[PDB]
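For reference, chains read A, B, C, D, E and F in written order, and residue numbers begin at 1 within each chain.
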Amino acid sequence: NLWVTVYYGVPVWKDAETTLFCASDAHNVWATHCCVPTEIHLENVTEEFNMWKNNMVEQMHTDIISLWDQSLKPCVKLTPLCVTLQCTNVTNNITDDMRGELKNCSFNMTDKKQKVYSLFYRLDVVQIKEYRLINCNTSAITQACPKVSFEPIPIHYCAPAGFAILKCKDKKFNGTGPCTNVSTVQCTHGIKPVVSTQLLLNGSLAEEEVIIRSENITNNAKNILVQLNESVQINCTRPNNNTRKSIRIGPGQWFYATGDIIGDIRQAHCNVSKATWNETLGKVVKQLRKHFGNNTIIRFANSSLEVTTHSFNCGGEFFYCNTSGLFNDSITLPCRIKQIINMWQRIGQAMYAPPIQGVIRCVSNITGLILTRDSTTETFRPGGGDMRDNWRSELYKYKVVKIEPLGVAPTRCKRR
Amino acid sequence: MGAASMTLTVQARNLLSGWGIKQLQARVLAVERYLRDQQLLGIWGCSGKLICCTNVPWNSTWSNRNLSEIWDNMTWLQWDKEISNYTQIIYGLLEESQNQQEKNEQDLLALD
Amino acid sequence: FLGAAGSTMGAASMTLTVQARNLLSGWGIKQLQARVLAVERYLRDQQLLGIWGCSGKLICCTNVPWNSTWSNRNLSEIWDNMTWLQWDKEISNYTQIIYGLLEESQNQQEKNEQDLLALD
Amino acid sequence: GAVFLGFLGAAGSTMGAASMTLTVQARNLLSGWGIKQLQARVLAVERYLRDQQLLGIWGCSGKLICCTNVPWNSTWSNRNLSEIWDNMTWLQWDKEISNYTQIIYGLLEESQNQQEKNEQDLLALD
Amino acid sequence: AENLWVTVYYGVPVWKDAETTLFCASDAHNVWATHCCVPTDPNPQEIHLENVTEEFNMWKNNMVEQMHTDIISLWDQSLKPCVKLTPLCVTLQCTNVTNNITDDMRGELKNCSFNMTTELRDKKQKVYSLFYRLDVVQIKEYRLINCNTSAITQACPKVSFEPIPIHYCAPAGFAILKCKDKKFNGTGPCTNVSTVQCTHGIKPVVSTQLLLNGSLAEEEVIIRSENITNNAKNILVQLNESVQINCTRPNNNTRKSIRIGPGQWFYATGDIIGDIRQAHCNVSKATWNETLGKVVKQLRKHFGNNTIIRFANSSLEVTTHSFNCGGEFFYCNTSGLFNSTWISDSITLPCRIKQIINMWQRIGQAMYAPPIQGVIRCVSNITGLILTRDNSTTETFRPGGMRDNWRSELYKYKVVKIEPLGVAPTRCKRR
Amino acid sequence: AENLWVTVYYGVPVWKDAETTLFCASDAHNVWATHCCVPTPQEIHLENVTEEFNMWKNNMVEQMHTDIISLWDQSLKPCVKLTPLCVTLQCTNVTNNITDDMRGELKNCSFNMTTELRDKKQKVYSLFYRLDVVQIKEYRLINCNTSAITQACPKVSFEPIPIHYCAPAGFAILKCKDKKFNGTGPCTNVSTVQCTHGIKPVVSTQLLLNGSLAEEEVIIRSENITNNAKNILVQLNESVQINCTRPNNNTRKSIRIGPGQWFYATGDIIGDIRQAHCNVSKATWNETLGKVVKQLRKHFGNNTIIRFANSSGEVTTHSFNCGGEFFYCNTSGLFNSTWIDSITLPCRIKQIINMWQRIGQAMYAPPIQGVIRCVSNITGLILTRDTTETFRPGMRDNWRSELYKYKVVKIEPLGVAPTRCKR
């Protein structure tokens, strides 16, 4: 009675993991990488999403690390820096705690043996007045090329032909389960690859309420990602006007040293308005209690270097800050500046970040938090590390599927 | 599944469009997947068609739903799931039928 | 091969095969990419013909009419004293209008054929 | 591994039987540091497409078996159908007439060009 | 059957000989484990070609050449991101190790001291280590055998060089024809041919003179050579029974890890916990004597039933039996295995150890094999021999032999290219 | 007029200007032979095709330029780095029968070099040209501290074997066969080719050696004839044969400098020490300029006095390589007088070569063993300009002079046209 009819162009898909490519709108590592320049509602589609099993996250993690190594690889290696270093403290017009924060060091570089001097931050140098540069003894330290910019630009991930990205439009999607408002895109919204710990900067805000997401809200071994529906503005400054000192290393090889500070020396810091923070934290707890129980009063606590302090790259210089006081007109967080950076969670090669001349100021939006758990009232602390959570906070609404446009069904016809 | 198949071209077209090795892998794969589907249609006698009738009967074993209901208040996603264990079977049957049909045509054409 | 390029259309339309077979036959990454690109370009053109009722044809006739706003010439004017190079310039525009029309016609034709087949 | 079954099973059989296993051979084409593997994959595609293009040029697209309008020349082979078919294997056949394949392919293309023109002229009202 | 027409057939089961690129595949930290990234079943299915006779040739088999290239390339790749020992290219001060040493070994081990770099470029350290005699030469100052030729790279201690079976698989459009003939001499027609997608799984075992852990003949001893009367060619002998061989380095060694730079480590021989005894290998007498007699019988088949067959020793890497046991390199004497004339409980082979290894007859590269702790013992299956030949009715054979190790496993395979189009006459024509 | 329908045609002979990557091929230890492994002469005339050809806007040249730089840089990657040679040299004058024209030309320099095995040094010496070192008897190498110097591997040949550029599938190379074509504009004698048929990648300044000749007339080409900011490329219709020599029987002194590395020093010179000059026939040169001027006048006037002048203040000389050695010949003896048996030119030699226009990434050219001669053809000139007018002698232009006739186009086989058929 019925016969097999073959149909091509059938609108059917399956979960899949593939390689996505980068695109952008218009020296910056992502600008030289993302050479590709750069929605449809599905009326009755109910798809299952799971942000913690999403391989798009892994793709960013891998691509970002590879891009960084690719960019830092062809730069001068600071071989002659692993020498006995001699140091004394900086005592010139220092505002009280930066006492003991800055050191004045000298060494013999490759007759040669040229004696040079430079300034270092305390966190960069370890004693054996005899010192060594931190971690140069366990791994090579290379200098980042000063012409390379790591400023985050929006990155769009785009599907290869034959694949599509499904997006969840549910205003309150909590990271897992079915979503009844599904649309298809070819490219994701732009995501800025901002790297930070504890507080997530310059992301996308929730549209209606605070959304608290985790793999298991009752498992204290997992991080809780909190997406705010309003941003909090944070203003971070490095108040000291420093200069840079160019030191010849070899045959066209140059080292960039921190030079002397011009004018007075003042402590680095970040500040947030009190009212904004107070209401923001209030929004979080109102909703946090929906998972933990009522009859509770607001209470937080501070952290247990990159995990216990806030970390971000400020104006191109690595900047760390003390978040205590946010979790316990404006609040000021003291901050520290560090060179010799072990990125992510590696304990291998470190990068030397050259200094930036002049006073550095940056203003950014706090869009979310990473919290962990310590009746027993509220006992939450800032958490962080790994940096995959930083992308889960943006990619949670996207899924990649494979299109397989060929199938069969019974029909009334017969081939003659 | 009727409305869903009013046009089979918008989703059929542009499936060939637009270190660095991974970009090549993405491109090579897109071509291979495209060709594999075209290869299969060719050997079933459906080259150049989006919709084609065949000489393989539909078995109640594969599905016992009537044409009504299958083709109306349903879609392709659950349809594909329901018969997902028979695709190897159906494809094998289509291949055998096409081969015999071409032989039969060759003989009739030679006879007249 | 391209010896007919200076010949008029209709003469230059003969032995189209010589220009077809030679599309596939006659550090190292650049050459690998070149091979991939030639394949993709070949297939993009074949898919375009394939989605029309022109699969496996060198000369394909279909049901899309001229509206006489595109060519703006008669057949003596077009198929004589004119090369393919000149023609391509004369109608360089409107190209995608025609392609869209060719696709729509083909989708309608296929649907009609399947119902005629079934209802017999 | 369901596809790789019967592949070349007919290779030692006569042409008369082997002609019925064309699908089996065809379905095993394509299918199947990392610095040579893409060349292997690209080549498989290129070889596949060259064969498909050629069938298209000859007007045999979409078929495993196609008849042409070209007569067989006794100079390529003077054997009768009963000695070629149901007797020789395809390998034996291929070891013969290998000197005339280019001749045959060339004239098949010319025939198709005549047919493409004749169809354009006869599809017209006349 | 007149007025016949051309018919074109696609999917025609024919092929032509061809060379191509093969894939690395395997079953289910190691050089090959991370190369074969394609899973495949052991014992892959075969399609028998019931009426096909095909011509095989073990020599001029490109599969062998491709394997040779792949093994070398992988070796070099895995060795590339490792510690260079250039800082070790210094003058050494050495004395003899004679604390608890047995005889036949005095002078084999030396206690060498030197001035090595440290994490800082302005610091130096005095360190010492033990070395084997073969790798240390006179300028009591000594030099390593390297520096005079090339640089040496330390093998990464974290990666295994142990062989695992690897399978070679055809790319789409190609096929591998396997010869199932029980007894063919590597060339000529084969009347039992099957088609496979992948080879049976070859362990890339590297050795000289004696072929270890290969595939045994299912019946009799098979002797194969390119040209049996040409003394310039080697003879590959495939046995139908394994001869079991026990290889060992009985000394209990320690490893002294020396930091030489910023995350750069050198692994030195530290000291010996027990006494010092010579490395060796053991072969059963009855098995060897009978095994050799089987070879002799098959040689008479080609050289005369009234001739005399002699086994003599070889004329370091191609003179001794080289192998890698437990990850350490051995160079064992074969004298006593080839010590007989054939007319009408066990043997012990003394072994020497080198730490500095060059491979595949290359001079411009060298590898430092870090020591391994503990005591080494392994047991291998001797599956074949590589033999050579010197008016006279008496003929002398000797151990010998690079690619022979793989040629002896790939002898059953040929790669061909599928040619799916063809034409034939029939009675069918277009309307 | 009525009842016309769209038909499509595949295999239509049309094309568009295009930019693609061309591949190299060659005819049978050479640097290009290793790269251009593909073996390789079809040409199809297009009877009624006129096409626009160009120069200076031609990307085939840019591809060739890039390939050459790349090949050289790649070639030197695995070669010995002469890193431990920024030492003070103790240099005295070489006085062994040195002729009058080169009394200060050679130095005898001794220094402390690192040996293999790290612990020892050796005292070695080598000869240098006065253009290789800097006095501060206290000398240092020129520019070894702005860049490490890489020694070219002595086994690699840089002989400029003809290179064939070939189109990739889907592309074709069109050639202009107009014998008098003045570089750019429409050409009415056009043919299609698969490959360029072999261009010798000869590197030089001022004079173009071993290139193509014009068949009937000397052709003068420039992007802008009227400007003074463009080079004038002159293609001769007859070659001028030029001899070059380096008659000093130096030997190669091989110095081990490390654990498997060797440096090749200039050793003692056997015999008397003389210049390394080049010889041009007087009549040929005098006639050659007369031919150029007669054609040059077409743009300047027949009552205009034309004068040839010397070099303006590597480029003020004629740079070329011969026998593997680098020559810097004085062309002041050429390009003289006004228009309205042989000449011998002196040449200098250098071992540290900054190729093309780069500051660092310098190369050390090891000396060749023995004595060389080379005979080359002058096939063209590069000239510049400052009532009456003057002309003076003056890298891409070396290839623009060879690839002016080629264009790459992309084939687009699918066409659309009206007729009277449908279904």
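Following the convention adopted for this analysis, contacts are C-beta pairs under 8 Å (C-beta built on N, C-alpha and C of every residue); 3 or more make two chains touch, one makes a residue touch a chain.
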item: Pair of chains joined by more contacts [C-beta pairs], B-D or E-F; value: B-D
item: Distance from the mean Cα position of chain F to that of chain C, given in whole angstrom; value: 45
item: Distance between the centres, which are taken as Cα means, of chain D and chain C, whole angstrom; value: 25
item: Between chain C and chain E, centroid-to-centroid distance (C-alpha), Å; value: 58
item: Shared interface positions of chain A, touching two or more other chains; value: 411-415
item: Where chain C touches two or more other chains at once, by residue number; value: 16-17, 20, 23-25, 32-33, 35-36, 39, 42-43, 53, 55-59, 61, 114, 117-118
item: Pairwise chain contacts, counting only pairs that touch as defined; value: A-B, A-C, A-E, A-F, B-C, B-D, B-E, C-D, C-F, D-E, D-F, E-F
item: Sites on chain A touched by chain B in the complex; value: 1-13, 18-19, 21, 44, 160-162, 403, 405-415
item: Complex contact set, residues of chain D against chain E; value: 1, 4-13, 15, 18-19, 21-26, 28-34, 36-37, 39-41, 43-44, 47-48, 51, 54-55, 58, 60, 63-72, 77, 80-82, 84-85, 89-91, 93-94, 101, 104, 108, 115
item: Chain A - residues contacting chain F, complex; value: 250-252
item: Contact set on chain F toward chain A in their complex; value: 86, 144-148, 360
item: Interfacial residue positions of chain C with respect to chain A in the complex; value: 114, 117-118
